[PDB]
>>> print(open('work.cif').read())   # mmCIF, C-alpha atoms and all ligand atoms
data_data
loop_
_atom_site.label_atom_id
_atom_site.label_comp_id
_atom_site.auth_asym_id
_atom_site.auth_seq_id
_atom_site.Cartn_x
_atom_site.Cartn_y
_atom_site.Cartn_z
CA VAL A 62 21.25 -24.20 3.60
CA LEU A 63 18.69 -22.62 6.04
CA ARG A 64 19.02 -23.72 9.72
CA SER A 65 20.22 -22.13 13.01
CA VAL A 66 23.91 -22.55 14.00
CA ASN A 67 23.91 -24.04 17.56
CA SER A 68 26.49 -21.33 18.53
CA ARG A 69 25.37 -21.64 22.25
CA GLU A 70 26.15 -17.85 22.72
CA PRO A 71 22.98 -16.00 23.84
CA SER A 72 21.69 -12.65 22.38
CA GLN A 73 19.05 -10.28 23.94
CA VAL A 74 16.70 -9.41 20.98
CA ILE A 75 13.60 -7.08 20.80
CA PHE A 76 10.84 -8.31 18.43
CA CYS A 77 9.14 -4.99 17.57
CA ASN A 78 5.83 -5.43 15.73
CA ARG A 79 5.70 -2.17 13.69
CA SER A 80 2.80 -3.56 11.58
CA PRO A 81 -1.02 -3.68 11.79
CA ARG A 82 -0.82 -7.56 11.50
CA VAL A 83 -0.77 -10.02 14.43
CA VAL A 84 2.81 -11.40 13.88
CA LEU A 85 3.98 -15.08 14.15
CA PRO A 86 7.78 -15.14 14.72
CA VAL A 87 9.30 -18.41 13.30
CA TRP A 88 12.69 -19.83 14.45
CA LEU A 89 14.52 -22.10 11.96
CA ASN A 90 15.64 -24.95 14.33
CA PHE A 91 18.88 -27.00 13.99
CA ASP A 92 17.25 -29.41 11.42
CA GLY A 93 16.10 -26.31 9.36
CA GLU A 94 12.45 -26.93 10.39
CA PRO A 95 10.28 -23.79 10.86
CA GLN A 96 9.23 -23.78 14.57
CA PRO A 97 6.53 -21.19 15.46
CA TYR A 98 6.68 -19.07 18.69
CA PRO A 99 4.10 -16.95 20.65
CA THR A 100 2.37 -14.32 18.35
CA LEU A 101 2.89 -10.52 18.87
CA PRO A 102 -0.28 -8.36 18.91
CA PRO A 103 0.09 -5.34 16.54
CA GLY A 104 2.28 -2.34 17.59
CA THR A 105 3.62 -4.32 20.64
CA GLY A 106 7.29 -5.28 21.37
CA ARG A 107 8.81 -8.06 23.62
CA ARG A 108 12.49 -8.59 24.72
CA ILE A 109 13.31 -12.31 24.06
CA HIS A 110 16.30 -14.63 24.83
CA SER A 111 17.81 -16.10 21.56
CA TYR A 112 21.38 -17.07 20.39
CA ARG A 113 23.88 -15.59 17.85
CA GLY A 114 23.73 -17.23 14.39
CA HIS A 115 20.12 -18.46 15.01
CA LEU A 116 17.67 -17.70 12.11
CA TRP A 117 14.18 -16.05 12.34
CA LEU A 118 11.40 -15.09 9.87
CA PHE A 119 7.97 -13.46 10.62
CA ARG A 120 4.51 -14.05 9.04
CA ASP A 121 0.85 -12.94 9.58
CA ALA A 122 -0.36 -15.29 12.39
CA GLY A 123 -3.74 -15.63 10.55
CA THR A 124 -2.70 -15.91 6.83
CA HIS A 125 1.14 -16.58 6.86
CA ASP A 126 1.34 -13.37 4.69
CA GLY A 127 5.12 -12.66 4.56
CA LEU A 128 6.55 -9.69 6.57
CA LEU A 129 10.06 -8.11 6.65
CA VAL A 130 12.50 -7.76 9.62
CA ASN A 131 14.95 -4.80 9.45
CA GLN A 132 14.05 -4.35 5.71
CA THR A 133 14.92 -8.01 4.77
CA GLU A 134 13.34 -11.56 4.78
CA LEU A 135 15.53 -13.21 7.54
CA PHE A 136 16.86 -12.11 10.98
CA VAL A 137 20.10 -13.37 12.67
CA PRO A 138 20.63 -12.15 16.28
CA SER A 139 24.23 -10.74 16.45
CA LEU A 140 26.32 -10.05 19.62
CA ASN A 141 24.76 -7.51 22.07
CA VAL A 142 27.39 -4.67 22.12
CA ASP A 143 27.37 -2.35 25.24
CA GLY A 144 24.60 -4.57 26.82
CA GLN A 145 22.21 -2.85 24.32
CA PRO A 146 19.68 -5.44 22.97
CA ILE A 147 19.54 -5.95 19.15
CA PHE A 148 16.31 -4.71 17.43
CA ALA A 149 14.17 -6.92 15.14
CA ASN A 150 11.87 -4.25 13.54
CA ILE A 151 9.04 -6.26 11.85
CA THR A 152 7.27 -4.03 9.24
CA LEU A 153 4.70 -4.78 6.48
CA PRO A 154 6.42 -5.13 3.08
CA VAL A 155 5.23 -3.07 0.02
CA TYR A 156 3.05 -5.98 -1.30
CA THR A 157 2.27 -5.86 -5.04
CA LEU A 158 -1.29 -4.64 -5.75
CA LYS A 159 -2.09 -8.19 -7.06
CA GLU A 160 -0.79 -9.82 -3.79
CA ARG A 161 -2.62 -7.23 -1.56
CA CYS A 162 -5.85 -7.78 -3.62
CA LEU A 163 -5.40 -11.59 -3.18
CA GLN A 164 -4.90 -11.24 0.62
CA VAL A 165 -8.15 -9.19 0.86
CA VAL A 166 -10.27 -11.59 -1.35
CA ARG A 167 -8.89 -14.65 0.56
CA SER A 168 -9.74 -12.86 3.88
CA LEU A 169 -13.44 -12.53 2.76
CA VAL A 170 -14.02 -15.70 0.61
CA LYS A 171 -14.09 -19.21 2.23
CA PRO A 172 -11.53 -21.36 0.31
CA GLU A 173 -14.31 -23.72 -1.03
CA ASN A 174 -16.04 -20.79 -2.85
CA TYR A 175 -12.86 -19.50 -4.69
CA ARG A 176 -14.07 -21.66 -7.65
CA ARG A 177 -17.59 -20.07 -7.21
CA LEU A 178 -16.46 -16.50 -8.35
CA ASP A 179 -16.56 -14.93 -11.89
CA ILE A 180 -12.77 -14.65 -12.60
CA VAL A 181 -10.36 -16.49 -15.03
CA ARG A 182 -9.18 -19.98 -13.82
CA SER A 183 -5.64 -18.37 -13.86
CA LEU A 184 -6.71 -16.25 -10.79
CA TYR A 185 -8.50 -19.12 -8.88
CA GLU A 186 -5.04 -20.82 -8.85
CA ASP A 187 -3.38 -17.55 -7.61
CA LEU A 188 -6.12 -17.51 -4.86
CA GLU A 189 -5.57 -21.21 -3.86
CA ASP A 190 -1.74 -20.66 -3.66
CA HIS A 191 -2.04 -19.53 0.05
CA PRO A 192 1.33 -18.17 1.30
CA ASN A 193 3.23 -21.26 2.66
CA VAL A 194 6.42 -20.90 4.84
CA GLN A 195 7.70 -24.41 3.80
CA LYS A 196 7.18 -23.72 0.01
CA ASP A 197 8.92 -20.30 0.52
CA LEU A 198 11.91 -21.90 2.40
CA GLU A 199 12.14 -24.39 -0.57
CA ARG A 200 11.86 -21.48 -3.10
CA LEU A 201 14.70 -19.54 -1.30
CA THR A 202 17.10 -22.59 -1.41
CA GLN A 203 18.65 -22.17 -4.97
CA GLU A 204 21.13 -19.87 -6.92
CA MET B 1 5.31 16.03 7.30
CA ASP B 2 4.17 15.08 3.71
CA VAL B 3 0.47 15.24 2.62
CA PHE B 4 -1.07 13.43 -0.43
CA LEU B 5 -4.14 14.87 -2.26
CA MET B 6 -6.78 14.39 -5.02
CA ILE B 7 -7.50 17.96 -6.43
CA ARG B 8 -10.89 17.39 -8.19
CA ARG B 9 -12.96 19.57 -10.63
CA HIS B 10 -15.82 17.64 -12.44
CA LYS B 11 -14.24 14.54 -14.18
CA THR B 12 -10.58 15.70 -13.81
CA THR B 13 -8.80 14.24 -10.70
CA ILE B 14 -5.12 15.22 -9.95
CA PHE B 15 -2.89 13.19 -7.54
CA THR B 16 -0.22 15.38 -5.87
CA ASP B 17 1.89 15.65 -2.68
CA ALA B 18 3.00 18.69 -0.58
CA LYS B 19 4.30 19.48 2.98
CA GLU B 20 1.86 20.26 5.89
CA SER B 21 3.45 23.79 6.23
CA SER B 22 3.09 24.53 2.44
CA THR B 23 0.16 26.95 1.61
CA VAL B 24 -3.18 26.62 -0.32
CA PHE B 25 -1.68 29.16 -2.85
CA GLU B 26 1.21 26.75 -3.72
CA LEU B 27 -1.59 24.15 -4.40
CA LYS B 28 -3.22 26.68 -6.85
CA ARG B 29 0.25 27.09 -8.58
CA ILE B 30 0.34 23.24 -9.08
CA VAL B 31 -3.11 23.35 -10.85
CA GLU B 32 -1.85 26.32 -13.01
CA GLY B 33 1.07 24.34 -14.56
CA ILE B 34 -1.28 21.36 -15.28
CA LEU B 35 -4.62 23.00 -16.34
CA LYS B 36 -3.20 26.43 -17.58
CA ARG B 37 -5.62 28.64 -15.46
CA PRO B 38 -3.86 31.23 -13.21
CA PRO B 39 -4.29 31.05 -9.38
CA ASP B 40 -6.73 34.09 -9.27
CA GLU B 41 -9.12 32.01 -11.54
CA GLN B 42 -9.25 29.07 -9.01
CA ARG B 43 -11.15 28.39 -5.73
CA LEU B 44 -10.11 25.49 -3.42
CA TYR B 45 -12.70 23.83 -1.10
CA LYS B 46 -12.26 21.33 1.78
CA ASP B 47 -15.75 19.66 1.74
CA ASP B 48 -17.32 22.83 0.11
CA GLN B 49 -15.76 25.24 2.74
CA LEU B 50 -13.70 27.90 0.82
CA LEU B 51 -9.95 27.97 1.82
CA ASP B 52 -7.83 31.17 2.37
CA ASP B 53 -4.64 31.17 0.15
CA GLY B 54 -2.47 32.43 3.07
CA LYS B 55 -3.37 29.37 5.26
CA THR B 56 -0.97 26.33 5.52
CA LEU B 57 -2.46 22.84 4.67
CA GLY B 58 -1.88 21.66 8.32
CA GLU B 59 -4.01 24.66 9.47
CA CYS B 60 -6.79 23.42 7.04
CA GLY B 61 -6.71 19.86 8.60
CA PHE B 62 -4.68 18.19 5.77
CA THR B 63 -2.12 16.37 7.96
CA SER B 64 0.15 13.34 7.25
CA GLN B 65 -2.48 11.26 9.24
CA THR B 66 -5.43 12.37 6.95
CA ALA B 67 -3.65 13.03 3.59
CA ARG B 68 -1.97 9.56 3.26
CA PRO B 69 -0.58 8.12 -0.05
CA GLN B 70 -3.04 5.13 0.17
CA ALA B 71 -5.94 7.46 1.27
CA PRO B 72 -5.23 11.01 -0.08
CA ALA B 73 -7.54 13.89 1.08
CA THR B 74 -9.90 15.41 -1.60
CA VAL B 75 -9.50 19.15 -2.53
CA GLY B 76 -12.41 20.77 -4.50
CA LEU B 77 -11.59 23.09 -7.46
CA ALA B 78 -13.81 25.82 -8.99
CA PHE B 79 -12.81 28.02 -12.00
CA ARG B 80 -14.00 31.60 -12.85
CA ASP B 82 -14.92 34.16 -16.86
CA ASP B 83 -17.08 36.73 -14.86
CA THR B 84 -17.95 34.84 -11.59
CA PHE B 85 -16.89 31.49 -9.95
CA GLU B 86 -18.73 28.25 -10.95
CA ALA B 87 -20.65 26.07 -8.44
CA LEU B 88 -18.31 23.33 -7.07
CA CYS B 89 -19.30 20.28 -9.15
CA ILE B 90 -17.14 17.23 -8.37
CA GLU B 91 -18.49 14.31 -10.50
CA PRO B 92 -18.67 11.18 -8.27
CA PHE B 93 -16.61 7.99 -9.02
CA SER B 94 -18.41 4.80 -10.25
CA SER B 95 -20.63 2.61 -7.98
CA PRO B 96 -19.10 -0.72 -6.88
CA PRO B 97 -21.62 -3.50 -7.74
CA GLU B 98 -23.29 -5.58 -4.94
CA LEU B 99 -20.98 -8.12 -3.18
CA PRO B 100 -21.42 -11.66 -4.60
CA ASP B 101 -23.25 -13.95 -2.05
CA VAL B 102 -19.89 -15.68 -1.18
CA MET B 103 -18.05 -12.50 0.15
CA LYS B 104 -20.93 -11.53 2.58
CA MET C 16 7.39 17.36 -13.03
CA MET C 17 6.06 15.43 -16.12
CA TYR C 18 2.42 14.25 -15.47
CA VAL C 19 0.26 11.70 -17.43
CA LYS C 20 -3.51 11.33 -18.02
CA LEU C 21 -5.19 7.94 -17.20
CA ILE C 22 -8.81 8.05 -18.60
CA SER C 23 -11.12 5.30 -17.15
CA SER C 24 -14.17 3.45 -18.68
CA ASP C 25 -16.52 6.30 -17.52
CA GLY C 26 -14.38 9.23 -18.85
CA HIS C 27 -12.71 10.27 -15.50
CA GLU C 28 -9.32 11.93 -16.33
CA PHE C 29 -6.76 10.86 -13.61
CA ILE C 30 -3.56 13.04 -13.68
CA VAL C 31 -0.53 11.43 -11.90
CA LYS C 32 3.27 12.14 -12.06
CA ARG C 33 4.95 10.15 -14.94
CA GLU C 34 7.57 8.66 -12.50
CA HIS C 35 4.60 7.31 -10.37
CA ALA C 36 2.88 5.52 -13.35
CA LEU C 37 6.10 3.68 -14.53
CA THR C 38 5.50 1.68 -11.30
CA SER C 39 3.12 -0.33 -13.63
CA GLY C 40 5.07 -2.05 -16.45
CA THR C 41 1.84 -2.37 -18.54
CA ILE C 42 1.76 1.51 -18.47
CA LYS C 43 5.60 1.73 -18.79
CA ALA C 44 4.93 -0.39 -21.96
CA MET C 45 2.09 1.74 -23.47
CA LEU C 46 4.20 4.97 -22.98
CA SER C 47 7.68 3.45 -23.96
CA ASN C 58 0.92 11.04 -22.57
CA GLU C 59 -2.84 10.30 -22.26
CA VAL C 60 -3.85 6.58 -21.86
CA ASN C 61 -7.51 5.36 -22.09
CA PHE C 62 -8.76 2.21 -20.23
CA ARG C 63 -11.99 0.98 -21.98
CA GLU C 64 -12.32 -1.89 -19.38
CA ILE C 65 -11.22 -0.20 -16.03
CA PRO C 66 -13.89 1.91 -14.19
CA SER C 67 -12.99 5.02 -12.07
CA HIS C 68 -13.92 3.53 -8.60
CA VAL C 69 -11.07 1.05 -9.45
CA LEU C 70 -8.58 3.29 -11.40
CA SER C 71 -8.86 5.85 -8.51
CA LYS C 72 -7.47 3.13 -6.10
CA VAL C 73 -4.69 2.07 -8.62
CA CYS C 74 -3.32 5.70 -8.70
CA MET C 75 -3.33 5.63 -4.82
CA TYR C 76 -1.17 2.41 -4.93
CA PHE C 77 1.26 4.22 -7.31
CA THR C 78 1.76 7.00 -4.65
CA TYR C 79 1.79 4.32 -1.87
CA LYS C 80 4.53 2.28 -3.65
CA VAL C 81 6.79 5.30 -4.57
CA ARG C 82 6.56 6.65 -0.98
CA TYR C 83 7.09 3.42 1.10
CA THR C 84 9.34 1.20 -1.19
CA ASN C 85 12.89 1.32 0.37
CA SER C 86 11.43 3.08 3.49
CA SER C 87 13.03 2.61 6.98
CA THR C 88 9.67 4.04 8.28
CA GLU C 89 6.76 1.86 9.54
CA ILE C 90 4.73 0.86 6.42
CA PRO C 91 0.90 0.99 6.76
CA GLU C 92 -1.70 -1.37 5.17
CA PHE C 93 -2.97 -0.65 1.63
CA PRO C 94 -6.77 -0.53 2.32
CA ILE C 95 -9.18 -2.39 -0.05
CA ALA C 96 -12.97 -2.23 0.61
CA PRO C 97 -14.79 -5.56 -0.01
CA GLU C 98 -16.95 -4.04 -2.85
CA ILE C 99 -13.95 -3.15 -5.15
CA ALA C 100 -11.72 -6.20 -4.31
CA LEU C 101 -12.68 -8.57 -7.20
CA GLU C 102 -12.37 -5.92 -10.03
CA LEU C 103 -9.24 -4.25 -8.48
CA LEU C 104 -7.48 -7.69 -8.45
CA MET C 105 -8.36 -8.06 -12.21
CA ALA C 106 -6.86 -4.56 -12.80
CA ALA C 107 -3.73 -5.25 -10.64
CA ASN C 108 -3.06 -8.37 -12.78
CA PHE C 109 -3.60 -6.56 -16.16
CA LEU C 110 -1.16 -3.77 -15.03
CA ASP C 111 1.81 -5.88 -13.75
CA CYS C 112 1.99 -4.24 -10.24
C1 LIG D 301 21.28 -23.31 23.78
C2 LIG D 301 20.05 -23.26 22.93
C3 LIG D 301 18.70 -23.18 23.35
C4 LIG D 301 17.98 -23.17 22.22
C5 LIG D 301 16.51 -23.08 21.94
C6 LIG D 301 16.02 -21.79 22.58
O1 LIG D 301 15.95 -21.69 23.79
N1 LIG D 301 15.68 -20.76 21.78
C7 LIG D 301 15.78 -20.72 20.32
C8 LIG D 301 15.86 -19.23 20.04
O2 LIG D 301 17.20 -18.82 20.28
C9 LIG D 301 14.92 -18.65 21.08
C10 LIG D 301 15.18 -19.49 22.34
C11 LIG D 301 13.92 -19.71 23.16
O3 LIG D 301 13.10 -20.57 22.83
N2 LIG D 301 13.76 -18.91 24.25
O4 LIG D 301 12.51 -18.69 24.96
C12 LIG D 301 11.53 -17.82 24.43
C13 LIG D 301 10.20 -17.89 24.83
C14 LIG D 301 9.27 -17.02 24.27
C15 LIG D 301 9.64 -16.09 23.29
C16 LIG D 301 8.65 -15.18 22.68
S1 LIG D 301 8.65 -14.84 20.98
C17 LIG D 301 7.22 -13.93 21.21
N3 LIG D 301 6.71 -13.95 22.41
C18 LIG D 301 7.64 -14.47 23.28
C19 LIG D 301 7.50 -14.18 24.75
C20 LIG D 301 10.98 -16.05 22.91
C21 LIG D 301 11.92 -16.90 23.47
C22 LIG D 301 15.77 -24.33 22.43
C23 LIG D 301 14.34 -24.33 21.92
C24 LIG D 301 16.49 -25.60 21.99
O5 LIG D 301 18.80 -23.22 21.16
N4 LIG D 301 20.13 -23.28 21.63
#
>>> encode(input="work.cif", output="structure tokens", more="lines below")
Ligand SMILES: Cc1cc([C@H](C(=O)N2C[C@H](O)C[C@H]2C(=O)NOc2ccc(-c3scnc3C)cc2)C(C)C)on1
Amino acid sequence: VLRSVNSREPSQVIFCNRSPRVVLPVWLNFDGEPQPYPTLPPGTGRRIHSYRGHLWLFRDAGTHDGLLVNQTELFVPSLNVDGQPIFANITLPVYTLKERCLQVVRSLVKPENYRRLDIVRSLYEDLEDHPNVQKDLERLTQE
Amino acid sequence: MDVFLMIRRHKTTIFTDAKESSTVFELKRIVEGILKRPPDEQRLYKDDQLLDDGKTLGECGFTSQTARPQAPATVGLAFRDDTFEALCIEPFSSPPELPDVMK
Amino acid sequence: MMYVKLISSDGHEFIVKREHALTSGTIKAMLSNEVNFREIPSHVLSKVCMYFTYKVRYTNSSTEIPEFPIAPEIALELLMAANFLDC
């Protein structure tokens, strides 16, 4: 389901990192493969050349922790109306406490040592389940 | 702007929000509904400095950028029935030492 | 504004709006107006009540959303709380 239309009609888009995370913007290419692009430092914005009907998602460049773009999971550059570039506002999502806790423990603990903590084997698994873009793309294909 | 607060007397901690331009007296009204002591029986401290009722919370340095939902600013409460008690805010628990593998 | 009392393992009485504590299903469950937590200490349950405020404020917000801060020393026990509370 998830791949960029090769519409061949360009669209001037502003990636606006409105998050404390270093952002990795990810174009879904014509085969539906996630192709990474140059990372945005936090609170910075760049005006980029993309195409209508193309598909974009954004992740933490260091942990692939999932971010939002204009409130939602996926971004599709529309037509620039009045020569006014379209805005991709990349914010942090309201992570669950469990997911935010996981992020923070992962960020401190080397993956090897996850097994070397005093927590239920249920939570080791939750720790090892690093956010994956591919697994998420797979997850999102279904109804 | 909105401001988010822990109003704290001894063990009791109270999470509440208000606007920067709301007053310290409106904050004493909040405690009245909850703890059933009138505003004249209360004394509000910012770090043990007594606060004037007439003053707005933005005047007292409780801004949106200090009193955040994720990191609310503490407000100390003292009750009266002859004189006002010493501010005694009982501290939260001590986090144990980091396991070797988080250091 | 209906409030609720969340007593921790060390007797700390946390008072939070009712509509902020039905963020946690586990609490939503226990209620559906004091609630004791024999296993959750106050240096944790403090931080949980901050999340509650954090979630009610920033969920469905067009505004920039800031990090939820978690200090290394609380991380392992706060995760175990998060999971028990379904939030
Ligand atoms: C015709 C046609 C052309 C294309 C692709 C293409 O040029 N694309 C795909 C997206 O629309 C962005 C744009 C791009 O890659 N433009 O160049 C950019 C270079 C850097 C950035 C970024 S993202 C963050 N930092 C920068 C500077 C953005 C665009 C080719 C890769 C095949 O698809 N149909």
>>> residues_near_ligand(input="work.cif", ligand="ligand LIG 301 (chain D)", cutoff="10 Å", atoms="all atoms listed in the file", output="count of residues only")
42
>>> interface_residues(input="work.cif", of="chain B", to="chain C", cutoff="12 Å", atoms="only C-alpha atoms", output="ChimeraX atom specification")
/B:2-17,30-31,33-35,65,67-74,90-104
>>> write_last_selection(input="work.cif", atoms="C-alpha atoms", output="CSV table (one decimal), in the coordinates of the input")
chain,number,residue,atom,x,y,z
B,2,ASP,CA,4.2,15.1,3.7
B,3,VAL,CA,0.5,15.2,2.6
B,4,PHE,CA,-1.1,13.4,-0.4
B,5,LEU,CA,-4.1,14.9,-2.3
B,6,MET,CA,-6.8,14.4,-5.0
B,7,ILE,CA,-7.5,18.0,-6.4
B,8,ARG,CA,-10.9,17.4,-8.2
B,9,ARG,CA,-13.0,19.6,-10.6
B,10,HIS,CA,-15.8,17.6,-12.4
B,11,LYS,CA,-14.2,14.5,-14.2
B,12,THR,CA,-10.6,15.7,-13.8
B,13,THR,CA,-8.8,14.2,-10.7
B,14,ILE,CA,-5.1,15.2,-10.0
B,15,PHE,CA,-2.9,13.2,-7.5
B,16,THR,CA,-0.2,15.4,-5.9
B,17,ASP,CA,1.9,15.6,-2.7
B,30,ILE,CA,0.3,23.2,-9.1
B,31,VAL,CA,-3.1,23.4,-10.8
B,33,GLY,CA,1.1,24.3,-14.6
B,34,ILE,CA,-1.3,21.4,-15.3
B,35,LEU,CA,-4.6,23.0,-16.3
B,65,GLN,CA,-2.5,11.3,9.2
B,67,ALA,CA,-3.6,13.0,3.6
B,68,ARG,CA,-2.0,9.6,3.3
B,69,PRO,CA,-0.6,8.1,0.0
B,70,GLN,CA,-3.0,5.1,0.2
B,71,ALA,CA,-5.9,7.5,1.3
B,72,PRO,CA,-5.2,11.0,-0.1
B,73,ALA,CA,-7.5,13.9,1.1
B,74,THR,CA,-9.9,15.4,-1.6
B,90,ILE,CA,-17.1,17.2,-8.4
B,91,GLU,CA,-18.5,14.3,-10.5
B,92,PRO,CA,-18.7,11.2,-8.3
B,93,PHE,CA,-16.6,8.0,-9.0
B,94,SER,CA,-18.4,4.8,-10.2
B,95,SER,CA,-20.6,2.6,-8.0
B,96,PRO,CA,-19.1,-0.7,-6.9
B,97,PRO,CA,-21.6,-3.5,-7.7
B,98,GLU,CA,-23.3,-5.6,-4.9
B,99,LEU,CA,-21.0,-8.1,-3.2
B,100,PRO,CA,-21.4,-11.7,-4.6
B,101,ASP,CA,-23.2,-14.0,-2.0
B,102,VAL,CA,-19.9,-15.7,-1.2
B,103,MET,CA,-18.0,-12.5,0.2
B,104,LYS,CA,-20.9,-11.5,2.6
>>> interface_residues(input="work.cif", of="chain A", to="chain C", cutoff="8 Å", atoms="all atoms listed in the file", output="list in words")
residues 79, 80, 81, 132, 152, 153, 154, 155, 157, 158, 159, 161, 162, 163, 165, 166, 169 and 180 of chain A
>>> atom_distance(input="work.cif", atom1="atom CA of residue 185 of chain A", atom2="atom CA of residue 170 of chain A")
11.5 Å
>>> atom_distance(input="work.cif", atom1="atom CA of residue 168 of chain A", atom2="atom CA of residue 134 of chain A")
23.1 Å
>>> atom_distance(input="work.cif", atom1="atom CA of residue 59 of chain C", atom2="atom CA of residue 37 of chain C")
13.5 Å
>>> closest_residue(input="work.cif", among="A:143, A:173, A:94, A:199", to="chain B", atoms="only C-alpha atoms")
A:173
>>> axis_aligned_box(input="work.cif", around="segment 110-121 of chain A", padding_each_side="3 Å", output="JSON")
{"center_x": 12.4, "center_y": -15.7, "center_z": 16.9, "size_x": 29.0, "size_y": 11.5, "size_z": 21.8}
>>> closest_residue(input="work.cif", among="A:122, A:63, A:201, A:178", to="chain B", atoms="only C-alpha atoms")
A:178
>>> closest_residue(input="work.cif", among="A:118, A:177, A:133, A:123", to="chain B", atoms="all atoms listed in the file")
A:177
